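Asks: Would you mind keeping the following structure in view while I ask a few things?
Protein chains: 2
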Amino acid sequence: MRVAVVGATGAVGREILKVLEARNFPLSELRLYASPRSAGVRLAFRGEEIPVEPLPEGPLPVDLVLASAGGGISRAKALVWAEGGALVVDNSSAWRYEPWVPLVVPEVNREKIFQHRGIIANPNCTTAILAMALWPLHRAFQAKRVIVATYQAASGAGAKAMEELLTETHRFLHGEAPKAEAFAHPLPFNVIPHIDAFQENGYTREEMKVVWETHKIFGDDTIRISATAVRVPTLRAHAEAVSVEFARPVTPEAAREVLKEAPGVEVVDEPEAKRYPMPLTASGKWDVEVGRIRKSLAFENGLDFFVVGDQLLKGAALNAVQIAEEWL
Amino acid sequence: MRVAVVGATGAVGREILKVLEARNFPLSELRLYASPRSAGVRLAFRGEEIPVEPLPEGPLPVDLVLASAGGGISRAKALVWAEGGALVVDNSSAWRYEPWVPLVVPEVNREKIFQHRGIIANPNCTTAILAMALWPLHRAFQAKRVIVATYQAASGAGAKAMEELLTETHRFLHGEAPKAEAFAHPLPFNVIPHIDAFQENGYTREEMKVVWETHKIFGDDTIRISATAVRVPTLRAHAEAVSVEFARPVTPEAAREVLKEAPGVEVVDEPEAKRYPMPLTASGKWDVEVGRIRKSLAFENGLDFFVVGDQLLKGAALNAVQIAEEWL
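Residue numbers (my numbering), protein chains in the order written: chain A, 1 to 328; chain X, 329 to 656.
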């Protein structure tokens, strides 16, 4: 199974090698691709060093293409590739909101993988994990209203921004005013209620995704979803205080056992033992932790939970994993 | 006109006297008090230093008393310092919920002042700054359902909890494991979905205050409230993302015009300009920043916004402002 990795040198692309390694993904070939910028650099796989070819304006030669190199190139290459007979999984937002491409999270609509006709859209970060937990609640209790507050990380802004936070928080401690460059403002010791592009209704493209992606990933345009994407001083883990109004009578004790069964969703819920989800323990694991399950006081039949999932893994883990299923 | 500070050395005692010294307070006596732990220290004030006294088991001698030395101590002397003839204004969770005690935020229930019997409670920092936004919106459209995902800083944990945050990040930035002592878990580069202590309902003592406290200051027992409280790696500014369902058709623009006219509350809401509240650009002001005001997609007639206010000031400031009115 010849596989290409368009985007290699990026945060996702780089994690894409290790999970791809860690799941013992059975390749045959090994192809890393980047735009000219990284035309001559080397990464590492199975301890063995592998080159990074710049992308050639001309489709060849692979079975599977795992794209994590912006929408510029993806919007531009998707078709060209799947035509060469390569299965295309893109982590960018170029084909997501398109009627012919399935937007999949293996815990939910794996069924859609085989409804593809050349490409498959990898979901947003904030959406993937939130689904990993919100998938089973929906199926069991039918939601109708979600209100999330995001505690997003630096990795979401790429690797250069993950680094910025290190160096910046560093100069901060030493007196010198943070040199904001990778974010809209200086992020050390602060929060930016601004993740993406502001639309006409007030929300940002990021916020708006929590909805359009859900409405499709679940195939239910009927769920009322509100969300505030906020950037915070954290390396690679996304946090999101969630709330929901249900059809069926919830029970923090019924959502628990149920949650206690869902795949890839470590339940982490113990107040007495100061035991709840945290980027402290979420970052690194393939799972998403979920805690603070409590009978919501806001809604007449609601729940307030907290969720954490590694942000670079809910890019790459669900990627290299959609393929593992393609196999199925 | 004599005043005393009980907890004259704590982070809050120190903002008190500086907004005392800054709002040119009509005092006439400068008695600073603190527990024996600190029975030998001197603070600043109008140029001269003042010695700090250990809390006397002999309540007296003053007219006004800005207490800020904990809960066990205010519970045991509020009544006494009171019988002496002093007016006790306490910034702690100890009297706030007693029937005969007025919980006051000048801008909302000033009149409640003149209906007290010795003690006037000073609400929860995550309520005061939150009340400055929700009040006008509430007495103009009428709240029915509030949901707030707090982003509280280490300032509210304390002085030793701010100082700790700095050295631990620094330590962390240097490749060594944070050694928490001031927080539940290591705070550097992380979020902690737990603030005070857990109640049986599944909610922490923190959240519930943001409710109970709101009911009493507002005079509306009926208002399905719901809080979520998380400590973020920030110095002394508190952020919250809100979503209040309102009865009267509300307007993002109509509500926005209310606020620019609401006291002690500055509006900051220009998306095209990357203009919204930020701990950074709000820590040290007497106004609370509101912005990101938008028509919420969660409910039919609702509003979502971002709120940022300085914790330590909405400790000291709301306290020496209650007294200013104890004069008027």
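Yeah, the Cβ is synthetic: ideal placement off N, Cα and C, and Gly gets one too.
Please go through the same chain and pick out, in chain order, the residues whose beta-carbon is closer than 7 Å to the beta-carbon of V539/X, but skip the five residues on each side of it.
Replies: Hits under 7 Å: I553 and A555.
Asks: Say whether chain A places a C-beta atom closer than 7 Å to the C-beta of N518/X.
Replies: Judged by the 7 Å Cβ criterion, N518/X is in contact with chain A.
Asks: Are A229/A and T204/A closer than 7 Å when you measure CB to CB?
Replies: Taking 7 Å as the Cβ cut-off, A229/A and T204/A qualify as a contacting pair.
Asks: Nearest by alpha-carbon distance to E181/A: which of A153/A, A157/A, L173/A and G175/A is it?
Replies: Taking only the C-alpha atoms, the option nearest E181/A is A157/A.
Asks: Looking at the C-beta of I475/X, does it have a partner C-beta in chain A at a distance below 7 Å?
Replies: Chain A, which has a Cβ nearer than 7 Å to the Cβ of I475/X, makes this yes.
Asks: Near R438/X, which residues of its chain fall below 6 Å by C-beta distance, leaving aside the five closest residues on each side in sequence?
Replies: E653, listed in sequence order.
Asks: So, using beta-carbon positions, are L394/X and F373/X closer together than 7 Å?
Replies: No, these two residues do not count as a Cβ contact at 7 Å.
Asks: Three-state secondary structure (DSSP) at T550/X?
Replies: In the structure shown, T550/X sits in coil (DSSP, three-state: anything other than H, G, I, E or B).
Asks: Quick one: using the 10 Å Cβ neighbour count with 16 as the cut-off for buried, is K588/X buried or exposed?
Replies: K588/X is exposed by the Cβ-count criterion.
Asks: What is the residue span of the alpha helix (DSSP H) that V560/X lies within?
Replies: Note, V560/X: premise wrong, no alpha helix (DSSP H); not H, not E.
Asks: Could you tell me which uninterrupted beta strand (DSSP E) segments, each at least 3 residues in length, are contained entirely in the segment 342–409 of chain X, listed from first to last along the chain?
Replies: Fully enclosed beta strand (DSSP E) runs of 3 or longer: 357–362, 370–373, 376–382 and 392–395.
Asks: CB-CB under 7 Å to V267/A, same chain, minus the five flanking residues each way: which ones, in chain order?
Replies: Contacts found: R256, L259, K260 and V290.
Asks: With distances taken from CA atoms, which of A316/A, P279/A, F141/A and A94/A is nearest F246/A?
Replies: Minimum Cα distance to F246/A is reached at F141/A.
Asks: Which of the residues in the segment 225–258 of chain A, read from start to end, lie with their CB under 7 Å from any CB of chain X?
Replies: If the cut-off is 7 Å between Cβ atoms, the segment 225–258 of chain A has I225, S226, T228, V230, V232, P233, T234, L235, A239, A241, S243 and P252 near chain X.
Asks: So who's on the other strand from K295/A, going by DSSP bridges?
Replies: According to DSSP, which records beta bridges pairwise, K295/A is partnered with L303/A.
Asks: Rounded to whole angstroms, what's the CA-CA distance from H185/A to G643/X? Just pull it up for me.
Replies: In a straight line, the C-alpha of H185/A is about 27 Å away from that of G643/X.
Asks: Let me check understanding here. Comparing Cα to Cα, which of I475/X, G335/X and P599/X lies closest to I621/X?
Replies: When each option's Cα is compared against that of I621/X, the closest is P599/X.
Asks: With a Cβ-Cβ cutoff of 7 Å, do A237/A and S283/A count as a contact?
Replies: Yes, the Cβ-Cβ distance between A237/A and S283/A is below 7 Å.
Asks: Please list, in chain order, the residues of the segment 151–177 of chain A that have any C-beta partner in chain X closer than 7 Å.
Replies: Correct list: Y151, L166, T169, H170 and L173.
Asks: Restricting to Cα atoms, I'd like to know which of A601/X, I448/X, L563/X and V340/X is closest to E496/X.
Replies: Nearest option by C-alpha distance: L563/X.
Asks: Report yes or no: do three or more beta-carbon pairs, one from the segment 28–38 of chain A and one from the segment 85–99 of chain A, lie closer than 8 Å?
Replies: They do not touch, by the three-pair rule.
Asks: Starting from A4/A, trace the beta strand (DSSP E) in both directions and tell me its first and last residue.
Replies: Unbroken beta strand (DSSP E) run through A4/A: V3 to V6.
Asks: Rounded to whole angstroms, what's the CA-CA distance from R14/A to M606/X? Just pull it up for me.
Replies: Spanning the two alpha carbons is a distance of roughly 32 Å.
Asks: Name the residue from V19/A, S38/A, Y276/A and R139/A whose alpha carbon lies nearest to the alpha carbon of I217/A.
Replies: Ranking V19/A, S38/A, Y276/A and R139/A by Cα distance to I217/A puts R139/A first.
Asks: Taking 7 Å as the threshold (beta carbon to beta carbon), is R622/X in contact with chain A?
Replies: Answer yes: the Cβ-Cβ gap between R622/X and chain A drops below 7 Å somewhere.
Asks: Can you grab the Cα-Cα spacing for the pair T550/X / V101/A, in whole Å?
Replies: Cα to Cα, the separation comes out at about 47 Å.
Asks: With a threshold of 6 Å (Cβ to nearest heavy atom), would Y531/X be considered close to the ligand HEM?
Replies: The model on display carries no ligand, and the ligand HEM is accordingly not part of it.
Asks: In chain X, what lies closer than 7 Å to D304/A by C-beta?
Replies: Per Cβ cutoff of 7 Å: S554 and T556.
Asks: Can you tell me the Cβ-Cβ gap for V417/X and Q650/X, rounded? I've got them flagged as a contact below 8 Å.
Replies: Sure, about 6 Å apart at Cβ, within 8 Å.
Asks: Can you list, in chain order, the stretches of the beta strand (DSSP E) that have 3 or more residues and sit fully within the segment 414–499 of chain X?
Replies: Within the segment 414–499 of chain X, the complete beta strand (DSSP E) runs of at least 3 residues are 415–418, 447–449, 471–473 and 476–479.
Asks: Is it buried or exposed, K440/X, if we count other Cβ atoms within 10 angstroms and call 16 or more buried?
Replies: Flag for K440/X reads buried.
Asks: Any beta carbon of chain X sitting closer than 7 Å to that of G202/A?
Replies: Yes, contact with chain X.
Asks: Distance check for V307/A and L130/A, CA to CA, integer angstroms please.
Replies: Roughly 7 Å separates the two Cα atoms.
Asks: Skipping 5 residues on each side, what residues in its chain have a beta carbon closer than 7 Å to that of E21/A?
Replies: Excluding sequence neighbours, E21/A sits near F45 and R46.
Asks: Going along the chain, which residues of its own chain have a beta-carbon closer than 7 Å to the beta-carbon of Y97/A, five neighbours each way excluded?
Replies: For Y97/A, where only same-chain residues beyond five positions count, the Cβ hits under 7 Å are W212.
Asks: Compare the C-beta of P599/X against all C-beta atoms of chain A and say whether one is closer than 7 Å.
Replies: Answer yes: the Cβ-Cβ gap between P599/X and chain A drops below 7 Å somewhere.
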